[PDB]
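Next comes start_20.pdb, with PDB, N, CA, C and O atoms.
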```pdb
ATOM      1  N   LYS A   1     113.155 101.827  96.089  1.00  0.00           N
ATOM      2  CA  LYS A   1     114.208 101.572  97.065  1.00  0.00           C
ATOM      3  C   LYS A   1     115.216 100.562  96.526  1.00  0.00           C
ATOM      4  O   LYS A   1     114.845  99.589  95.870  1.00  0.00           O
ATOM      5  N   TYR A   2     116.492 100.800  96.809  1.00  0.00           N
ATOM      6  CA  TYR A   2     117.554  99.913  96.351  1.00  0.00           C
ATOM      7  C   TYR A   2     118.518  99.585  97.487  1.00  0.00           C
ATOM      8  O   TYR A   2     119.433 100.354  97.783  1.00  0.00           O
ATOM      9  N   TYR A   3     118.306  98.436  98.120  1.00  0.00           N
ATOM     10  CA  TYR A   3     119.154  98.006  99.226  1.00  0.00           C
ATOM     11  C   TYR A   3     120.575  97.730  98.747  1.00  0.00           C
ATOM     12  O   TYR A   3     121.548  98.103  99.403  1.00  0.00           O
ATOM     13  N   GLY A   4     120.689  97.073  97.597  1.00  0.00           N
ATOM     14  CA  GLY A   4     121.995  96.757  97.047  1.00  0.00           C
ATOM     15  C   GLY A   4     122.268  95.267  97.021  1.00  0.00           C
ATOM     16  O   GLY A   4     123.419  94.842  96.938  1.00  0.00           O
ATOM     17  N   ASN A   5     121.206  94.472  97.091  1.00  0.00           N
ATOM     18  CA  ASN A   5     121.337  93.018  97.076  1.00  0.00           C
ATOM     19  C   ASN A   5     120.499  92.408  95.958  1.00  0.00           C
ATOM     20  O   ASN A   5     120.110  91.242  96.024  1.00  0.00           O
ATOM     21  N   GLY A   6     120.222  93.205  94.930  1.00  0.00           N
ATOM     22  CA  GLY A   6     119.432  92.726  93.811  1.00  0.00           C
ATOM     23  C   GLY A   6     117.979  93.151  93.902  1.00  0.00           C
ATOM     24  O   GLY A   6     117.095  92.486  93.363  1.00  0.00           O
ATOM     25  N   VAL A   7     117.732  94.262  94.589  1.00  0.00           N
ATOM     26  CA  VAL A   7     116.377  94.775  94.750  1.00  0.00           C
ATOM     27  C   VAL A   7     116.037  95.781  93.657  1.00  0.00           C
ATOM     28  O   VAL A   7     116.915  96.469  93.137  1.00  0.00           O
ATOM     29  N   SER A   8     114.755  95.861  93.311  1.00  0.00           N
ATOM     30  CA  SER A   8     114.298  96.781  92.276  1.00  0.00           C
ATOM     31  C   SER A   8     112.897  97.297  92.588  1.00  0.00           C
ATOM     32  O   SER A   8     111.987  96.520  92.880  1.00  0.00           O
ATOM     33  N   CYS A   9     112.731  98.614  92.526  1.00  0.00           N
ATOM     34  CA  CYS A   9     111.441  99.236  92.802  1.00  0.00           C
ATOM     35  C   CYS A   9     111.489 100.734  92.516  1.00  0.00           C
ATOM     36  O   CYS A   9     112.354 101.446  93.022  1.00  0.00           O
ATOM     37  N   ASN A  10     110.551 101.205  91.700  1.00  0.00           N
ATOM     38  CA  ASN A  10     110.485 102.619  91.346  1.00  0.00           C
ATOM     39  C   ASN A  10     109.063 103.152  91.498  1.00  0.00           C
ATOM     40  O   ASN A  10     108.806 104.042  92.308  1.00  0.00           O
ATOM     41  N   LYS A  11     108.144 102.600  90.713  1.00  0.00           N
ATOM     42  CA  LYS A  11     106.748 103.018  90.760  1.00  0.00           C
ATOM     43  C   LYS A  11     105.819 101.840  90.480  1.00  0.00           C
ATOM     44  O   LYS A  11     104.828 101.637  91.183  1.00  0.00           O
ATOM     45  N   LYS A  12     106.144 101.068  89.450  1.00  0.00           N
ATOM     46  CA  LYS A  12     105.341  99.909  89.078  1.00  0.00           C
ATOM     47  C   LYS A  12     105.176  98.959  90.261  1.00  0.00           C
ATOM     48  O   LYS A  12     104.058  98.602  90.631  1.00  0.00           O
ATOM     49  N   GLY A  13     106.297  98.555  90.850  1.00  0.00           N
ATOM     50  CA  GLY A  13     106.254  97.651  91.985  1.00  0.00           C
ATOM     51  C   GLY A  13     107.635  97.224  92.439  1.00  0.00           C
ATOM     52  O   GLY A  13     108.641  97.785  92.003  1.00  0.00           O
ATOM     53  N   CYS A  14     107.687  96.230  93.319  1.00  0.00           N
ATOM     54  CA  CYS A  14     108.954  95.729  93.834  1.00  0.00           C
ATOM     55  C   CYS A  14     109.122  94.245  93.520  1.00  0.00           C
ATOM     56  O   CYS A  14     108.160  93.561  93.171  1.00  0.00           O
ATOM     57  N   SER A  15     110.350  93.753  93.647  1.00  0.00           N
ATOM     58  CA  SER A  15     110.644  92.351  93.374  1.00  0.00           C
ATOM     59  C   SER A  15     111.955  91.933  94.033  1.00  0.00           C
ATOM     60  O   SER A  15     112.748  91.192  93.450  1.00  0.00           O
ATOM     61  N   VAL A  16     112.178  92.414  95.251  1.00  0.00           N
ATOM     62  CA  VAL A  16     113.392  92.090  95.991  1.00  0.00           C
ATOM     63  C   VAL A  16     113.631  90.585  96.024  1.00  0.00           C
ATOM     64  O   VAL A  16     112.895  89.843  96.673  1.00  0.00           O
ATOM     65  N   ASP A  17     114.667  90.141  95.319  1.00  0.00           N
ATOM     66  CA  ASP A  17     115.005  88.724  95.268  1.00  0.00           C
ATOM     67  C   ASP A  17     115.619  88.264  96.586  1.00  0.00           C
ATOM     68  O   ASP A  17     116.840  88.266  96.748  1.00  0.00           O
ATOM     69  N   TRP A  18     114.765  87.870  97.525  1.00  0.00           N
ATOM     70  CA  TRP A  18     115.225  87.408  98.829  1.00  0.00           C
ATOM     71  C   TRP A  18     115.797  85.998  98.738  1.00  0.00           C
ATOM     72  O   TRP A  18     115.204  85.044  99.241  1.00  0.00           O
ATOM     73  N   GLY A  19     116.952  85.873  98.091  1.00  0.00           N
ATOM     74  CA  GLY A  19     117.583  84.575  97.946  1.00  0.00           C
ATOM     75  C   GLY A  19     119.095  84.668  97.890  1.00  0.00           C
ATOM     76  O   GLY A  19     119.798  83.860  98.497  1.00  0.00           O
ATOM     77  N   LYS A  20     119.599  85.657  97.159  1.00  0.00           N
ATOM     78  CA  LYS A  20     121.037  85.854  97.025  1.00  0.00           C
ATOM     79  C   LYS A  20     121.573  86.732  98.152  1.00  0.00           C
ATOM     80  O   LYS A  20     122.714  86.575  98.584  1.00  0.00           O
ATOM     81  N   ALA A  21     120.741  87.655  98.623  1.00  0.00           N
ATOM     82  CA  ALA A  21     121.131  88.555  99.701  1.00  0.00           C
ATOM     83  C   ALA A  21     121.456  87.779 100.973  1.00  0.00           C
ATOM     84  O   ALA A  21     122.368  88.142 101.717  1.00  0.00           O
ATOM     85  N   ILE A  22     120.704  86.711 101.218  1.00  0.00           N
ATOM     86  CA  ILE A  22     120.914  85.884 102.400  1.00  0.00           C
ATOM     87  C   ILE A  22     122.319  85.291 102.414  1.00  0.00           C
ATOM     88  O   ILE A  22     122.921  85.119 103.473  1.00  0.00           O
ATOM     89  N   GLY A  23     122.836  84.981 101.229  1.00  0.00           N
ATOM     90  CA  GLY A  23     124.167  84.412 101.127  1.00  0.00           C
ATOM     91  C   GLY A  23     125.256  85.432 101.398  1.00  0.00           C
ATOM     92  O   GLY A  23     126.390  85.070 101.711  1.00  0.00           O
ATOM     93  N   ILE A  24     124.912  86.710 101.275  1.00  0.00           N
ATOM     94  CA  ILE A  24     125.869  87.783 101.508  1.00  0.00           C
ATOM     95  C   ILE A  24     125.963  88.124 102.992  1.00  0.00           C
ATOM     96  O   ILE A  24     126.999  88.591 103.466  1.00  0.00           O
ATOM     97  N   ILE A  25     124.878  87.883 103.718  1.00  0.00           N
ATOM     98  CA  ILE A  25     124.839  88.160 105.148  1.00  0.00           C
ATOM     99  C   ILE A  25     125.610  87.105 105.935  1.00  0.00           C
ATOM    100  O   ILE A  25     126.305  87.419 106.899  1.00  0.00           O
ATOM    101  N   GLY A  26     125.481  85.850 105.513  1.00  0.00           N
ATOM    102  CA  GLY A  26     126.173  84.767 106.187  1.00  0.00           C
ATOM    103  C   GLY A  26     127.658  85.028 106.332  1.00  0.00           C
ATOM    104  O   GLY A  26     128.252  84.720 107.365  1.00  0.00           O
ATOM    105  N   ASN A  27     128.262  85.597 105.294  1.00  0.00           N
ATOM    106  CA  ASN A  27     129.688  85.899 105.310  1.00  0.00           C
ATOM    107  C   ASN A  27     129.972  87.147 106.140  1.00  0.00           C
ATOM    108  O   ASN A  27     130.959  87.207 106.871  1.00  0.00           O
ATOM    109  N   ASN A  28     129.097  88.140 106.023  1.00  0.00           N
ATOM    110  CA  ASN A  28     129.253  89.388 106.763  1.00  0.00           C
ATOM    111  C   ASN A  28     129.396  89.119 108.257  1.00  0.00           C
ATOM    112  O   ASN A  28     130.308  89.631 108.906  1.00  0.00           O
ATOM    113  N   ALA A  29     128.487  88.313 108.798  1.00  0.00           N
ATOM    114  CA  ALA A  29     128.512  87.974 110.215  1.00  0.00           C
ATOM    115  C   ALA A  29     129.670  87.034 110.533  1.00  0.00           C
ATOM    116  O   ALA A  29     130.224  87.066 111.632  1.00  0.00           O
ATOM    117  N   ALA A  30     130.029  86.196 109.566  1.00  0.00           N
ATOM    118  CA  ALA A  30     131.122  85.247 109.744  1.00  0.00           C
ATOM    119  C   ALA A  30     132.423  85.966 110.087  1.00  0.00           C
ATOM    120  O   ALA A  30     133.291  85.411 110.760  1.00  0.00           O
ATOM    121  N   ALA A  31     132.550  87.203 109.621  1.00  0.00           N
ATOM    122  CA  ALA A  31     133.744  87.999 109.880  1.00  0.00           C
ATOM    123  C   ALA A  31     133.797  88.452 111.334  1.00  0.00           C
ATOM    124  O   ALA A  31     134.873  88.684 111.883  1.00  0.00           O
ATOM    125  N   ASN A  32     132.628  88.577 111.953  1.00  0.00           N
ATOM    126  CA  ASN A  32     132.542  89.005 113.345  1.00  0.00           C
ATOM    127  C   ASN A  32     132.778  87.830 114.290  1.00  0.00           C
ATOM    128  O   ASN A  32     133.223  88.012 115.424  1.00  0.00           O
ATOM    129  N   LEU A  33     132.477  86.626 113.816  1.00  0.00           N
ATOM    130  CA  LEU A  33     132.656  85.421 114.618  1.00  0.00           C
ATOM    131  C   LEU A  33     134.131  85.034 114.697  1.00  0.00           C
ATOM    132  O   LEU A  33     134.632  84.672 115.761  1.00  0.00           O
ATOM    133  N   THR A  34     134.819  85.117 113.563  1.00  0.00           N
ATOM    134  CA  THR A  34     136.236  84.776 113.503  1.00  0.00           C
ATOM    135  C   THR A  34     137.082  85.816 114.229  1.00  0.00           C
ATOM    136  O   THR A  34     138.177  85.518 114.706  1.00  0.00           O
ATOM    137  N   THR A  35     136.568  87.039 114.310  1.00  0.00           N
ATOM    138  CA  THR A  35     137.276  88.123 114.977  1.00  0.00           C
ATOM    139  C   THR A  35     138.714  88.227 114.482  1.00  0.00           C
ATOM    140  O   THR A  35     139.616  88.591 115.236  1.00  0.00           O
ATOM    141  N   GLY A  36     138.921  87.906 113.208  1.00  0.00           N
ATOM    142  CA  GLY A  36     140.253  87.971 112.635  1.00  0.00           C
ATOM    143  C   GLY A  36     140.385  89.069 111.598  1.00  0.00           C
ATOM    144  O   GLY A  36     140.908  88.843 110.508  1.00  0.00           O
ATOM    145  N   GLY A  37     139.908  90.262 111.938  1.00  0.00           N
ATOM    146  CA  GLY A  37     139.984  91.381 111.017  1.00  0.00           C
ATOM    147  C   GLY A  37     139.508  92.679 111.641  1.00  0.00           C
ATOM    148  O   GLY A  37     138.662  92.673 112.534  1.00  0.00           O
ATOM    149  N   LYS A  38     140.055  93.794 111.171  1.00  0.00           N
ATOM    150  CA  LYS A  38     139.683  95.105 111.688  1.00  0.00           C
ATOM    151  C   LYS A  38     138.587  95.737 110.834  1.00  0.00           C
ATOM    152  O   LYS A  38     138.345  95.311 109.705  1.00  0.00           O
ATOM    153  N   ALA A  39     137.928  96.752 111.381  1.00  0.00           N
ATOM    154  CA  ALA A  39     136.860  97.443 110.669  1.00  0.00           C
ATOM    155  C   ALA A  39     136.454  98.721 111.393  1.00  0.00           C
ATOM    156  O   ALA A  39     136.179  98.706 112.593  1.00  0.00           O
ATOM    157  N   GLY A  40     136.417  99.828 110.658  1.00  0.00           N
ATOM    158  CA  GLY A  40     136.044 101.099 111.248  1.00  0.00           C
ATOM    159  C   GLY A  40     134.567 101.401 111.090  1.00  0.00           C
ATOM    160  O   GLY A  40     134.187 102.528 110.769  1.00  0.00           O
ATOM    161  N   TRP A  41     133.732 100.393 111.312  1.00  0.00           N
ATOM    162  CA  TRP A  41     132.288 100.556 111.190  1.00  0.00           C
ATOM    163  C   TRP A  41     131.781 101.643 112.132  1.00  0.00           C
ATOM    164  O   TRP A  41     132.544 102.200 112.921  1.00  0.00           O
ATOM    165  N   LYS A  42     130.489 101.941 112.043  1.00  0.00           N
ATOM    166  CA  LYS A  42     129.879 102.960 112.888  1.00  0.00           C
ATOM    167  C   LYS A  42     129.825 102.501 114.342  1.00  0.00           C
ATOM    168  O   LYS A  42     130.439 103.109 115.218  1.00  0.00           O
ATOM    169  N   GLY A  43     129.086 101.424 114.591  1.00  0.00           N
ATOM    170  CA  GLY A  43     128.968 100.902 115.940  1.00  0.00           C
ATOM    171  C   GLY A  43     128.292 101.877 116.882  1.00  0.00           C
ATOM    172  O   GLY A  43     127.511 101.478 117.746  1.00  0.00           O
TER     173      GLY A  43
END
```

Would you write out, as structure tokens, the structure that this file holds?
Amino acid sequence: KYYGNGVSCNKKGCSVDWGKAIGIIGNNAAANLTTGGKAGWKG
């Protein structure tokens, strides 16, 4: 599985680096708080 935040897993095992992804979410939500931008998301 590949989420897209630095994750790796095929057969041997997984090693999702749960450290950098957290920094990407903080900004993602920050855009919803400021409400200063448009977006055609699914919703």

Give me the result of the PyMOL selection byres ((chain A and resi 17-25) around 8) on this file, residue by residue, as an mmCIF file with N, CA, C and O atoms, in the frame of the given file.
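The file below, result03.cif, is the result:
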```
data_model
loop_
_atom_site.group_PDB
_atom_site.id
_atom_site.type_symbol
_atom_site.label_atom_id
_atom_site.label_comp_id
_atom_site.auth_asym_id
_atom_site.auth_seq_id
_atom_site.Cartn_x
_atom_site.Cartn_y
_atom_site.Cartn_z
ATOM 1 N N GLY A 4 120.689 97.073 97.597
ATOM 2 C CA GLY A 4 121.995 96.757 97.047
ATOM 3 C C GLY A 4 122.268 95.267 97.021
ATOM 4 O O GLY A 4 123.419 94.842 96.938
ATOM 5 N N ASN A 5 121.206 94.472 97.091
ATOM 6 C CA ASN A 5 121.337 93.018 97.076
ATOM 7 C C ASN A 5 120.499 92.408 95.958
ATOM 8 O O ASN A 5 120.110 91.242 96.024
ATOM 9 N N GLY A 6 120.222 93.205 94.930
ATOM 10 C CA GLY A 6 119.432 92.726 93.811
ATOM 11 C C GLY A 6 117.979 93.151 93.902
ATOM 12 O O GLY A 6 117.095 92.486 93.363
ATOM 13 N N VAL A 7 117.732 94.262 94.589
ATOM 14 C CA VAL A 7 116.377 94.775 94.750
ATOM 15 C C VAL A 7 116.037 95.781 93.657
ATOM 16 O O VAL A 7 116.915 96.469 93.137
ATOM 17 N N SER A 8 114.755 95.861 93.311
ATOM 18 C CA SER A 8 114.298 96.781 92.276
ATOM 19 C C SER A 8 112.897 97.297 92.588
ATOM 20 O O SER A 8 111.987 96.520 92.880
ATOM 21 N N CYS A 14 107.687 96.230 93.319
ATOM 22 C CA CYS A 14 108.954 95.729 93.834
ATOM 23 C C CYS A 14 109.122 94.245 93.520
ATOM 24 O O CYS A 14 108.160 93.561 93.171
ATOM 25 N N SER A 15 110.350 93.753 93.647
ATOM 26 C CA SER A 15 110.644 92.351 93.374
ATOM 27 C C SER A 15 111.955 91.933 94.033
ATOM 28 O O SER A 15 112.748 91.192 93.450
ATOM 29 N N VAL A 16 112.178 92.414 95.251
ATOM 30 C CA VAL A 16 113.392 92.090 95.991
ATOM 31 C C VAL A 16 113.631 90.585 96.024
ATOM 32 O O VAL A 16 112.895 89.843 96.673
ATOM 33 N N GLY A 26 125.481 85.850 105.513
ATOM 34 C CA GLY A 26 126.173 84.767 106.187
ATOM 35 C C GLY A 26 127.658 85.028 106.332
ATOM 36 O O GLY A 26 128.252 84.720 107.365
ATOM 37 N N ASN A 27 128.262 85.597 105.294
ATOM 38 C CA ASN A 27 129.688 85.899 105.310
ATOM 39 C C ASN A 27 129.972 87.147 106.140
ATOM 40 O O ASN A 27 130.959 87.207 106.871
ATOM 41 N N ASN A 28 129.097 88.140 106.023
ATOM 42 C CA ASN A 28 129.253 89.388 106.763
ATOM 43 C C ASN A 28 129.396 89.119 108.257
ATOM 44 O O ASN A 28 130.308 89.631 108.906
ATOM 45 N N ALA A 29 128.487 88.313 108.798
ATOM 46 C CA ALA A 29 128.512 87.974 110.215
ATOM 47 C C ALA A 29 129.670 87.034 110.533
ATOM 48 O O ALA A 29 130.224 87.066 111.632
ATOM 49 N N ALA A 30 130.029 86.196 109.566
ATOM 50 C CA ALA A 30 131.122 85.247 109.744
ATOM 51 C C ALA A 30 132.423 85.966 110.087
ATOM 52 O O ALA A 30 133.291 85.411 110.760
ATOM 53 N N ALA A 31 132.550 87.203 109.621
ATOM 54 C CA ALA A 31 133.744 87.999 109.880
ATOM 55 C C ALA A 31 133.797 88.452 111.334
ATOM 56 O O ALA A 31 134.873 88.684 111.883
#
```

Using only N, CA, C and O atoms, which residue out of A:33, A:38, A:13, A:43 lies closest to residue 1 (chain A)?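 Closest residue, counting only N, CA, C and O atoms: A:13.
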
Which residues in region 4-41 of chain A does DSSP call helix (DSSP H, G or I)? List them as an MDAnalysis selection string. chainID A and resid 21:34

Point-to-point distance from atom C of residue 32 (chain A) to atom O of residue 3 (chain A), Å rounded to tenths: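 Interatomic distance here is 21.3 Å.
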
Work out how far atom C of residue 2 (chain A) is from atom N of residue 42 (chain A), in Å to one decimal. 19.0 Å

Produce the centre coordinates and the three edge lengths, each in Å to one decimal, of the box along x, y and z that contains all listed atoms of region 21-35 of chain A with 6 Å added on each side, as AutoDock Vina command-line options.
```
--center_x 130.2 --center_y 87.0 --center_z 107.2 --size_x 30.9 --size_y 17.2 --size_z 29.1
```
